[PDB]
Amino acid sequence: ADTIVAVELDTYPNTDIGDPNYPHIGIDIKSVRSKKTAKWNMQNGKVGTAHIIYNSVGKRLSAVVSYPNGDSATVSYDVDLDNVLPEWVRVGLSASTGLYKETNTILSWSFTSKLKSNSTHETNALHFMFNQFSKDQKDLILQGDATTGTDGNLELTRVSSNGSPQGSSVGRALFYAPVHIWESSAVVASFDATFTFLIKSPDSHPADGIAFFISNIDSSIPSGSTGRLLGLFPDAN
């Protein structure tokens, strides 16, 4: 199926599938069942920022999500991505709502990838940065309910004309170009991403989350992957 590495901003505790019982940031290596989570004090209606960093020297995938107020949640996991992901991938943002819902608004998203082979100055790099998203954002593949342009933002999941989030929605945006994430003869593979999000819900509890992910290039939304599956996984195995 798809090969997924993701950092999830999981807004809803599905302890049924191994979520801790609080909103959490998590590192997901080919399963929605995070290898590692940290409690995340999600702030309904605040703008937050997630930073995801990997270096292939230290082989440690780290992520922080924070709110200006100051609250901040951190998670790291040792993983050799050489062993997990295909050589070439796509990188994206995914979000979902289920029975409970939230806006999954991306205000900005940036990504830098570096790939060095041994041979002096031999870095390849990709960087993109979106601070504004237009109606027709041709460097993004939008999947599912993802739209761009409304207030210059990427709405990952359905929002009504009056800003009201809809449930059972899933959507993703992938950067258009494949990303070379490792090679046979790589000295340093390394990447980082940042995105700023606004998760707002009128419900008793927001759900389900936003994920930064890295997939096989031809990745698409697994069917049924709204709600707790986060646009990322066909099931909770």
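The first residue of the sequence shown is number 1, and the count goes up from there.
Here 95-103 and 67-75 are compared by their mean Cα B-factor, and 67-75 comes out higher. In this entry, the higher average B-factor at the C-alpha atoms falls on 10-18, of the pair 209-217 and 10-18. In this entry, the residue among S117, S108, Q143, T112 with the greatest C-alpha B factor is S117. The PDB entry assigns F175 a C-alpha temperature factor belonging to the lowest third of its chain's modelled residues. Compared with the other modelled residues of the chain, the Cα B-factor recorded for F195 ranks in the lowest third. Per-chain ranking of the deposited C-alpha B factor places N44 in the highest third. Remark: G26 belongs to the lowest third of its chain, ranked by C-alpha B-factor as recorded. Per the PDB record, residue ranking by Cα B-factor puts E155 in the lowest third of the chain.
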